[PDB]
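Enquirer: the data below comprise the sequence and an experimental structure of the protein.
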Amino acid sequence: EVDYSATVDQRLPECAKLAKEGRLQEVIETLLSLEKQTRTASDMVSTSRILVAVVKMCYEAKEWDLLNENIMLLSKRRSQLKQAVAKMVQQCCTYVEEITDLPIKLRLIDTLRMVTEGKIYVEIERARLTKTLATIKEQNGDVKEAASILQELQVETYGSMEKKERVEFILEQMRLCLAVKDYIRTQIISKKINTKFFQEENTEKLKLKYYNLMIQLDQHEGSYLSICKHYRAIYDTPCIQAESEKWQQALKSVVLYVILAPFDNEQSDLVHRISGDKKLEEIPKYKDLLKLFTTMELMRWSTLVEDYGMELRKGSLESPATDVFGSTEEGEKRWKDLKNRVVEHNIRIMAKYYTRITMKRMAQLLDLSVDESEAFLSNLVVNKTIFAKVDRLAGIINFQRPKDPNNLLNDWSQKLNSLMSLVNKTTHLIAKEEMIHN
């Protein structure tokens, strides 16, 4: 248009000297007038330099009141250029990091976050200032306010922010939410992260931070199977897989958590996938333990403690123990749940092979008292996990359901079908031997 350019190149150094001499209130009025000519002229580059200029003068002169008043004023000018205000805020948020005085920094943050509110072109900055405001409102304590301040930022909708930086914001929202014990809120924020984003280039640090945070979130609820999947994702990271101490610890928790998970189709399928890995050989104790939950046999809880108790709870210097079964309250609760899994596994085995068993025998085989075994068995019967009818007078547990005449004859029919197929198959096998030996 009527681009000013060198016109501001003549004033700006001259105004720079007068600011140092002490004349600031007069020169800003001069630069406000010069800004008006440029803004009306729609000179993007020149107007940007003036707005960046004036905030520098009020910063170098420590005019905190004037700096905040100017930032509000020059942002509210009629038909202000959006790029020029962006450069002002980008240059002003640099001054935020430099300032160490907390009350002065906070007022500038509040002023800057107010002139950047609801505006797309400065949405990246207001995000970073919101992150900056939260850290100040966290290193000083009052994590509740820091969590609230950061949570309201819908960073997923911010299109200008880079995807890598966008995820970093979400993880901090989760970190503050977990630190404030807001597990309901943390789950909702967790859905904002697409797990496929970690399949890209070097962002593994976010993947470890993300999954370790989900481990903490899912630990409170008790979803052991979900915890195992998160640890399996930590196990698959190239950074963890490239160093022995890291992947060994991750694989230790992968095995130790699928074991704690109650049996189902998903859990059973996971054990086969985990057992298929050849890296369990570097931790032979955990490989054998995972196998013990795979063999279709009774395992004794007393044997487990005497064979795997020290390696799992206390561990060794050569192979350190994970926090699944530590001395903590969480570790003790998980230790009790492991005994349930052993007891549950035994009842599942006792249902496959036994047709009728004695409560006295079941209590002995479960390392439980008769009352505890009956109470434990009564629990599984109620949640339909295992069928069992308990005749308490005779001390008998009956694992066979009543035989429907359909089922009895269907089993008879299925035997005939297999028999006729076998007779068919044998005849074909005979024909081949007639061919070879004739």
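Expert: Great, that's in hand. Residues are numbered from 1 along each chain as shown.
Enquirer: where's the closest residue to residue 5 other than its chain neighbours, which helix or strand?
Expert: Closest residue to residue 5 apart from its sequence neighbours, by Cβ to Cβ, 6 or more residues apart in numbering: residue 46 at 6.2 Å. Yep, even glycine has a C-beta here, placed from its N, CA and C like the rest. Element membership of residue 46, judged by DSSP states H and E, is helix 44-60.
Enquirer: remind me what the helix or strand following that helix packs against, helices and strands.
Expert: Next in sequence after helix 44-60, counting helices and strands by DSSP H and E, comes helix 64-75. Packing partners of helix 64-75 (3 or more Cβ pairs under 8 Å, 6 or more residues apart in numbering; DSSP states H and E): helix 25-41, helix 44-60, helix 82-98, helix 102-115.
Enquirer: could you dump helix 64-75 to PDB, C-alpha only?
Expert: What follows is helix 64-75 as a C-alpha-only set of coordinates in PDB (Å, rounded to 0.1, in the frame of the first residue of the first chain):
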ATOM      1  CA  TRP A  64       5.200  -2.600  35.000                       C
ATOM      2  CA  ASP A  65       2.000  -0.400  35.300                       C
ATOM      3  CA  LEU A  66       2.700   1.200  31.900                       C
ATOM      4  CA  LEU A  67       3.600  -2.200  30.300                       C
ATOM      5  CA  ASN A  68       0.300  -3.800  31.300                       C
ATOM      6  CA  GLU A  69      -1.700  -0.700  30.400                       C
ATOM      7  CA  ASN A  70       0.000  -0.600  27.000                       C
ATOM      8  CA  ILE A  71      -0.600  -4.300  26.300                       C
ATOM      9  CA  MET A  72      -4.300  -3.900  26.900                       C
ATOM     10  CA  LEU A  73      -4.500  -0.600  25.000                       C
ATOM     11  CA  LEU A  74      -2.600  -1.600  21.800                       C
ATOM     12  CA  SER A  75      -4.500  -4.800  21.600                       C
END
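Enquirer: which outside residues touch it?
Expert: 24-25, 28, 32, 35, 51, 54-55, 58-59, 80, 85, 88, 92, 104, 107-108, 111-112, 114-115 (Cβ atoms under 8 Å, 6 or more residues apart in numbering).
Enquirer: show the buried residues in the residues you listed.
Expert: 24, 28, 35, 51, 54-55, 58-59, 80, 85, 88, 92, 107-108, 111-112, 115 (16 or more other Cβ atoms under 10 Å).
Enquirer: what's the span of stretch 232-249 from first residue to last?
Expert: Counting by Cα to Cα, to the nearest Å, you get 11 Å between the two ends of stretch 232-249.
Enquirer: list the buried residues of that stretch.
Expert: Buried-residue list, stretch 232-249, by 16+ other Cβ under 10 Å: 232, 233, 234, 235, 237, 240, 246, 247, 248, 249.
Enquirer: what about these, which are in helices?
Expert: Using DSSP state H, the subset of the buried residues of stretch 232-249 located in helices is 232, 233, 234, 235, 240, 246, 247, 248, 249.
Enquirer: going by distance to residue 379, which of those wins?
Expert: residue 232 (29.3 Å; Cβ to Cβ).
Enquirer: the helix or strand harbouring residue 336 packs against which elements?
Expert: Residue 336 belongs to helix 329-353 when assigned by DSSP H and E. Contact analysis of helix 329-353 by 3+ Cβ pairs under 8 Å, 6+ apart lists helix 244-260, helix 301-304, helix 359-365, helix 370-382 as its packing neighbours.
Enquirer: adding distance to residue 13, write the ones you listed out as JSON lines.
Expert: Shown next, in JSON lines, are those (distance: least, Cβ to Cβ, whole Å):
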{"stretch": "helix 244-260", "distance to residue 13": "56"}
{"stretch": "helix 301-304", "distance to residue 13": "80"}
{"stretch": "helix 359-365", "distance to residue 13": "92"}
{"stretch": "helix 370-382", "distance to residue 13": "83"}
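Enquirer: quick one: contacts for the residue nearest to residue 137 when sequence neighbours are not counted?
Expert: Nearest non-adjacent residue to residue 137, counting by Cβ to Cβ, 6+ apart: residue 146, 4.5 Å away. Taking Cβ under 8 Å, 6+ apart, we find residue 146 in contact with 134, 135, 137, 138, 176.
Enquirer: considering those, which possesses the most neighbours?
Expert: residue 176 (26 neighbours; other Cβ atoms under 10 Å).
Enquirer: now that residue: how far from residue 364?
Expert: Residue 176 sits 51 Å away from residue 364, going by Cβ to Cβ, to the nearest Å.
Enquirer: same deal with residue 319?
Expert: 33 Å.
Enquirer: that older thread, for the helix holding residue 46, which helices and strands make contact with it?
Expert: Applying 3+ Cβ pairs under 8 Å, 6+ apart, we find helix 44-60 packed against helix 6-21, helix 25-41, helix 64-75, helix 82-98.
Enquirer: let's have the ones you listed in TSV, adding distance to residue 389.
Expert: Output for the helices and strands packed on helix 44-60, formatted as TSV (distance: least, Cβ to Cβ, whole Å):
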stretch	distance to residue 389
helix 6-21	93
helix 25-41	87
helix 64-75	78
helix 82-98	72
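Enquirer: who wins for proximity to residue 264 among these?
Expert: Nearest to residue 264, of those and by Cβ to Cβ, is helix 82-98 at 51.2 Å.
Enquirer: list the buried residues for that closest one?
Expert: 84, 85, 86, 87, 88, 89, 91, 92, 93, 95, 96.
Enquirer: cool, and stretch 74-81?
Expert: For stretch 74-81, by 16+ other Cβ under 10 Å, it's 74, 75, 77, 80, 81.
Enquirer: and the third one, its phi and psi?
Expert: The phi and psi torsions at residue 77 (degrees, to the nearest 10) take the values phi -70, psi 150.
Enquirer: what sits against the closest residue to it other than its chain neighbours?
Expert: Spatial nearest neighbour of residue 77, excluding adjacent residues (Cβ to Cβ, 6+ apart): residue 39 at 6.4 Å. Going by Cβ under 8 Å, 6+ apart, residue 39 touches 47, 77, 79, 80, 81, 84.
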